[PDB]
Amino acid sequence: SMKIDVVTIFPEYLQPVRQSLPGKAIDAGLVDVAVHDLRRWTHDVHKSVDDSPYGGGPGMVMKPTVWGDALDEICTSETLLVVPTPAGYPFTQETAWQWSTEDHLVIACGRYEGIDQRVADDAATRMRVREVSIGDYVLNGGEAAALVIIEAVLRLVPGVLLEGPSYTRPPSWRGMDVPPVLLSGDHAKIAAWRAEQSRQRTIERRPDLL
């Protein structure tokens, strides 16, 4: 039973993932993903969501008054507020598992040079707030990160070393045969072979994990 609210100035970005949800989970009321246009909470006829940064610098900062009103309406005491940012704590599988048991996630998607820091700081005085990064690269905004987090979390909600290579038919293709051990019927040996493949791949690609 999880509800996810996403707030963004580009609601159309999230539309595919909304549609991608299985009806059986939606009908069972096990999951609901709602997307909100941040501009619903703007104060002015120009629907302004950003303003110049204090202390100077490039780009713009999203307005605290707008975000404050949005979160006031959408969040409750039980909300886990997720704020994607390149400066965040790392979002990992452990994080995804933890958040998969939450009743209400709100994902605040920033743009430009991010959201006025007081928004998160204020919210943290009455709900749990998690500023997170999905990887060491910079995006244009939080929307792609939201898609990633939603996918990684929801697939752990029941109802909705590195892995080595996998193979399927045909046994020979473009001069390459499936490793004979996999067709050996020696399942103890197959397990040992897969372990070694995983070890070698981890050494080559992710020595940090060792």
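In this text, residue numbers run from 1 along the sequence as written. Each form is matched to the other, and the largest set of C-alpha atoms that superpose within 1.5 Å is called the rigid core.
Asks: Fitting on the rigid core only, I'd like to know which of the two stretches, 151-159 or 52-60, ends up farther away in Cα terms in 9 other deposited structures of this protein.
Replies: After the core superposition, the stretch with higher RMS deviation in 9 other deposited structures of this protein is 151-159.
Asks: Name the stretch, 133-141 or 108-116, whose C-alpha atoms sit farther from the shown form on average in 9 other deposited structures of this protein, taking the rigid core as the superposition reference.
Replies: It is 108-116 that deviates more in 9 other deposited structures of this protein.
Asks: Among the other PDB entries compared that flank it on both sides, is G29 unmodelled in a third or more?
Replies: Yes: coordinates for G29 absent from at least a third of the compared entries.
Asks: If I compare the deposited sequence with the modelled residues, how many are absent between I26 and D27: none, 1 to 3, 4 to 9, or 10 or more?
Replies: Going from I26 to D27, the model skips no residues of the deposited sequence.
Asks: Taking the mean of the C-alpha B-factors per stretch from the entry, tell me the winner out of 17-25 and 194-202.
Replies: Comparing averages over the C-alpha atoms only gives 17-25.
Asks: Between 98-106 and 79-87, which has the larger average Cα B-factor in the PDB entry?
Replies: Taking the mean C-alpha B-factor of 98-106 and of 79-87, the larger value falls to 98-106.
Asks: For the C-alpha B-factor as written in the entry, point me to the maximum among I149, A70, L30, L182.
Replies: Answer for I149, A70, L30, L182: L30, with the highest C-alpha B-factor.
Asks: For the listed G159, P165, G142, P64, which has the peak Cα B-factor recorded in the PDB entry?
Replies: Among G159, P165, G142, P64, the PDB entry lists the largest C-alpha B-factor for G159.
Asks: Which third of the chain holds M2 when residues are ordered by C-alpha B factor: lowest, middle or highest?
Replies: According to the entry, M2 has a C-alpha B-factor in the chain's highest third.
Asks: What third of its chain's C-alpha B-factors does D116 belong to: lowest, middle or highest?
Replies: For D116, whose C-alpha B-factor we compare with every modelled residue in the chain, the answer is the lowest third.
Asks: Quick one: classify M60 as lowest, middle or highest third of the chain based on its Cα B-factor.
Replies: Its C-alpha B-factor, which the entry lists for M60, ranks in the middle third among residues of this chain.
Asks: Split the chain's modelled residues into thirds by Cα B-factor; is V178 in the lowest, middle or highest one?
Replies: For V178, whose C-alpha B-factor we compare with every modelled residue in the chain, the answer is the middle third.
Asks: Just say lowest, middle or highest third for the CA B-factor of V49 relative to the other modelled residues in its chain.
Replies: As the PDB entry reports it, the C-alpha B-factor of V49 lands in the middle third of its chain.
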